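Protein chains in written order, with the entry's author numbering: chain D, 5 to 176; chain R, 5 to 176; chain Y, 5 to 176; chain E, 5 to 176; chain X, 5 to 176; chain C, 5 to 176.
Everything below concerns the one structure shown next.
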Ligand SMILES: [Ca+2]
Ligand SMILES: [Ca+2]
Ligand SMILES: [Zn+2]
Ligand SMILES: [Zn+2]
Ligand SMILES: [Zn+2]
Ligand SMILES: [Zn+2]
Ligand SMILES: [Zn+2]
Ligand SMILES: [Zn+2]
Ligand SMILES: [Zn+2]
Ligand SMILES: [Zn+2]
Ligand SMILES: [Zn+2]
Ligand SMILES: [Zn+2]
Ligand SMILES: [Zn+2]
Ligand SMILES: [Zn+2]
Ligand SMILES: [Zn+2]
Ligand SMILES: [Zn+2]
Ligand SMILES: [Zn+2]
Ligand SMILES: [Zn+2]
Ligand SMILES: [Zn+2]
Ligand SMILES: [Zn+2]
Ligand SMILES: [Zn+2]
Ligand SMILES: [Zn+2]
Ligand SMILES: [Zn+2]
Ligand SMILES: [Zn+2]
Ligand SMILES: [Zn+2]
Ligand SMILES: [Zn+2]
Ligand SMILES: [Zn+2]
Ligand SMILES: [Zn+2]
Ligand SMILES: [Zn+2]
Ligand SMILES: [Zn+2]
Ligand SMILES: [Zn+2]
Ligand SMILES: [Zn+2]
Ligand SMILES: [Zn+2]
Ligand SMILES: [Zn+2]
Ligand SMILES: [Zn+2]
Ligand SMILES: [Zn+2]
Ligand SMILES: [Zn+2]
Ligand SMILES: [Zn+2]
Ligand SMILES: [Zn+2]
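This is the structure in structure tokens:
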């Protein structure tokens, strides 16, 4: 036991390690999606830049959780970062839909981490999750839903015109 | 009777109080319309910003009428601000059409206030309505008609492409 | 059900809609109080500016709750904004006392919204209420109590000298 | 009972008064430690400046809790500030170890204040403790542990070379 | 005995330790007085800021005496800082009167420290007390007497108008 | 087959996909090493920053290879990123030694990619590997060897003084 460890349940330490993996995984999904749109037969550069930015943000969230684990005197245990479910993401709309589903899955996990923070009477961890994770996750989910809606209303994915215009006018 | 009251008919005082309510009401309609377009399943951010700006302008018109009531020595009597007729505004085109109908209704009321100013030989009130209300109301009505026309010519509301492009290129 | 809705109880959605109305109502009370002090037979311009600023802040709080409702995938349902209880606010001291009572009522409602957030295990909503509402409400309540106390210690409301000097030296 | 008091348990008011004392006490410990290192026979000026800065920060935390007590309508009751346990702090390493133990004791007390905030359904107090106290306390504890570790790894306290170099390279 | 100790009587070392405590005590009195005026039922913000500034100055005087003790090779021995005599300071005038009585008590003690400096033929200590303490103490005493006089001439404490105006026009 | 694919062997496409994985893996090793040194019981902040910078650089090298794969009309196939061999890196010296061994392994793989570029008469790929990878890999290897040597000459790992001073004077 760390000299700094105080009020930090073994279960919370483990939950943080699982969330770190999940953030790295989301980072990897977004990186895959980014370079899918960089393919010559897809060629949507702002979709590509958009998901590359999300990939970097996720990796930074993983790092912030690593920082928190060490601040509390927990021990970081890293796991493999699983390859994404898809190599080929089909369309702008489908990738945005997958991103939305991914981000709701990460949120659910973050909500479970918070419930555990409650259960274990760990208000530091509760504020950490609340301040740095829950609202950003809600804003990202809202933004991704906004994007899915526009793309669908614009006629994506059948309309490659729709995705091209959304790439320029929303993601540019 | 106020120490400042001069040439200010009881009927005009009451008409100003009704116009104040009507401006607050228009402010409320535009606020409702604004956040309709901020929904994740509508997601037209410039329609949302556009109507939020109109909402603020109406509230400021209400305040200017309150100022005028007190300048003339009338007494402000406020009434409930009725909720808008719709919670769901359907489309960009429909909201613009509703706004146009709303603004022509506010104008009619302002014209009636002016007729009453004439009837009561109140040139201060007549100039107030003329300078600060009638031309702005005419410009807003013209702008809203311009918008309705474009949206219709672009294929709105069936074309969600049309509303999306109008949101970017006119309201952005 | 919204594509973005996650961990958002029906009861919380409804509580947010009631809080939106209550913020618009507070905005309306402060607007009424503002223009009361703008009357020629009251004539306290800094009391008027003070309450006009509070009116604008409340309206902005309503808007932020509307934003939150949409972020979480709830549906905004607006209600009439009731006219304030008074048309005539009597004095600086009485208006400040009414404001203090109003702000403690809004706070109670916000505390109930937070209890419901707890009950429903909704930490996003809990942080929202905590970060953006509870402390500002506490600071406003403290400021209003500070004002009521000074006015009373200065001899308000019997002393119109007291209100005049407080208008200049505190609210100016 | 204060005109501003709302949702503020007698037990919470008393807990805040105990935390105020504990912050003033920590301020006093750090001040004592500061001037120990300013002695001619110790002479570690950056250890001295470091603890003087911590002393000032604690006093500022006490003041912020006093502010909070008054904001909520509680009544401040001050107690003697006890002299620190030691007049002579032995070494850089020992003072850092004592500081770490002190800061974990203050944290435990802050965690108990938060539990009480939970028990009493006082979310304003809960956010106050969370935002302004719990994370700063965690960062300070982490920093102090980092320092203790370096000093020990460097051969402190037997090595006066170690403390001298740490004073220059970490605390300078 | 310190390698730097020269011409420094045991009695002077002890007198400095008693003066350090007395400065910390004055700091504590002024802090208590400060937050008394920050109460919602007192609400004199410039009285509060005024005494907070005095509290900080006293603490800095304590620190300067600690510095001097170490410069001369004396050993700092800290004692409890006693809680102030009052929790409730009654009025602006009464707090200023208490401050004046406090500052004359600190001065008397400083004069006794100087007499002892004379008795012990310690001109360094004599100049220290003279340059850094005696004139500042005289100016503070004069300022506090000036304040007490104005407040009394203005009708304080019965006139809460008087304290309110003095707070704005002298302490602001 | 891509419309842009020219002179790009199936074996080279696959080799690029293996190198992408290996760069992501190196990024992960360096991230693990970074947060090891951020632990309270290790506490070498410049070792931590150093390896965090290397982690970011590797991830950027992976991204540049993804870019190249798409430029040539190859198809990106991502694989799991394996967790590093160690959770606990022991010391500054040991981590630097592991980094050096890692970087020589990545280099060997890059040399094999280049041999394959030669074998397949792919001069674009050969220049890519040469310009953007081989010299940077050589400089990194040289720098890591320089670090290992200093740490060993300084008495690391037995001397925690040595690692502490190297952290300040070389990595700071
Ligand atoms: Ca919070
Ligand atoms: Ca002199
Ligand atoms: Zn994330
Ligand atoms: Zn990073
Ligand atoms: Zn796998
Ligand atoms: Zn995310
Ligand atoms: Zn919490
Ligand atoms: Zn929580
Ligand atoms: Zn209008
Ligand atoms: Zn306004
Ligand atoms: Zn109605
Ligand atoms: Zn209008
Ligand atoms: Zn006219
Ligand atoms: Zn006319
Ligand atoms: Zn509000
Ligand atoms: Zn607004
Ligand atoms: Zn009504
Ligand atoms: Zn309010
Ligand atoms: Zn919470
Ligand atoms: Zn809560
Ligand atoms: Zn503290
Ligand atoms: Zn301070
Ligand atoms: Zn004691
Ligand atoms: Zn502390
Ligand atoms: Zn809470
Ligand atoms: Zn809490
Ligand atoms: Zn050095
Ligand atoms: Zn003093
Ligand atoms: Zn100081
Ligand atoms: Zn005592
Ligand atoms: Zn003094
Ligand atoms: Zn002398
Ligand atoms: Zn002398
Ligand atoms: Zn590399
Ligand atoms: Zn990148
Ligand atoms: Zn594995
Ligand atoms: Zn490398
Ligand atoms: Zn070549
Ligand atoms: Zn070659």
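Beta carbons are placed, not taken as given, at the ideal position from N, Cα and C, and that holds for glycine.
beta-carbon residue 130/C near ligand 38 non-hydrogen atom, thresh 6 angstroms: yes
Which of helix, strand or coil DSSP assigns to residue 3/R: With chain R covering 5 to 176 only, the question about residue 3/R has no answer from this structure.
Exposure label - residue 122/C; buried when at least 16 CB within 10 Å: The C-beta of residue 122/C has fewer than 16 other C-beta atoms within 10 Å across all chains shown, which makes the residue exposed.
One or two residues paired with residue 85/C in a DSSP bridge: 85/D
Residue-level contact to chain X via CB, residue 158/Y, 7 angstroms cutoff: Yes, residue 158/Y lies at the interface with chain X (some Cβ there is under 7 angstroms from its Cβ).
Reduced DSSP secondary structure (H/G/I, E/B, other) of residue 158/D: coil
Residue environment, residue 151/R, which counts as buried when at least 16 other CB atoms sit within 10 Å: When all chains shown are included, residue 151/R counts as buried.
Whole-angstrom distance between residue 156/E and residue 173/E, CA atom to CA atom: Straight-line Cα distance between these residues: approximately 15 angstroms.
Rounded Cβ spacing between residue 8/Y and residue 146/D (contact assumed at less than 8 angstroms): Rounded, the Cβ-Cβ distance is 6 angstroms, consistent with contact.
CB of residue 80/C within 7 angstroms of CB of residue 29/C, strictly: no
With 16 other Cβ atoms within 10 Å as the buried cut-off, status of residue 88/E: buried
Integer Cβ distance of residue 124/C from residue 15/C, believed to fall under 8 angstroms: The pair is a contact, with the Cβ atoms about 7 angstroms apart (cut-off 8 angstroms).
Members of the region 62-93 of chain R near chain Y, C-beta cut-off 9 angstroms: 63, 66, 67, 70, 71, 73, 74, 75, 77, 79, 80, 81, 82, 83, 84, 85, 86, 87, 88, 91, 92
Heavy atom of ligand 17 within 6 angstroms of residue 83/Y beta-carbon: no
Interface flag, residue 44/C vs chain E, CB-CB below 7 angstroms: So, interface residue.
Stretch pair the region 34-41 of chain C + the region 88-104 of chain C: three plus CB contacts closer than 8 angstroms: Yes: the two stretches touch, three or more of their Cβ pairs being nearer than 8 angstroms.
Residue closest to residue 75/X, alpha-carbon to alpha-carbon, out of 115/X, 55/X, 132/X, 47/X: Minimum Cα distance to residue 75/X is reached at 132/X.
Contact with chain R by residue 173/D, beta-carbon distance below 7 angstroms: yes
Distance, residue 144/Y Cα to residue 2/Y Cα: Since the first and last residues shown for chain Y are 5 and 176, residue 2/Y lies out of range.
Three-way DSSP call (helix, strand, coil) for residue 131/C in this model: helix
Residues with C-beta closer than 5 angstroms to any heavy atom of ligand 3, in chain order: 27/D, 62/D, 65/D
Euclidean distance between Cα positions of residue 114/C and residue 78/C: 18 angstroms
Terminal residues of the alpha helix (DSSP H) in which residue 171/E lies: 164-173
Contact list for residue 153/D against chain R, beta-carbon separation under 8 angstroms: 44, 45, 46, 47
Proximal residues of chain E, C-beta to C-beta of residue 39/X below 7 angstroms: Identification of chain E residues near residue 39/X by a Cβ-Cβ cut-off of 7 angstroms yields 70, 74, 80, ordered along the chain.
Close beta carbons around residue 20/E, own chain, < 7 angstroms, minus the five adjacent residues each side: 69, 72, 73, 78
Residues in the region 131-151 of chain X having any Cβ partner in chain E nearer than 7 angstroms: Listed by position along the chain: nothing, the set is empty.
Exposure label - residue 26/Y; buried when at least 16 CB within 10 Å: buried
Contact with chain E by residue 128/D, beta-carbon distance below 7 angstroms: yes
Residue 86/X beta carbon near ligand 30 (any heavy atom closer than 6 angstroms): yes
For residue 64/C, the three-state DSSP class (helix, strand or coil): helix
Residue 164/R burial status per 10 Å Cβ neighbour count (16 or more: buried): buried
Residue from 65/E, 64/E, 56/E, 67/E whose Cα sits closest to the Cα of residue 66/X: 56/E
Neighbour-count burial assignment, residue 218/Y, 16 or more Cβ in a 10 Å radius: The structure shown has nothing for residue 218/Y, since chain Y only spans 5 to 176.
Residue 152/E - DSSP class collapsed to helix/strand/coil: DSSP places residue 152/E in helix when its eight states are reduced to three.
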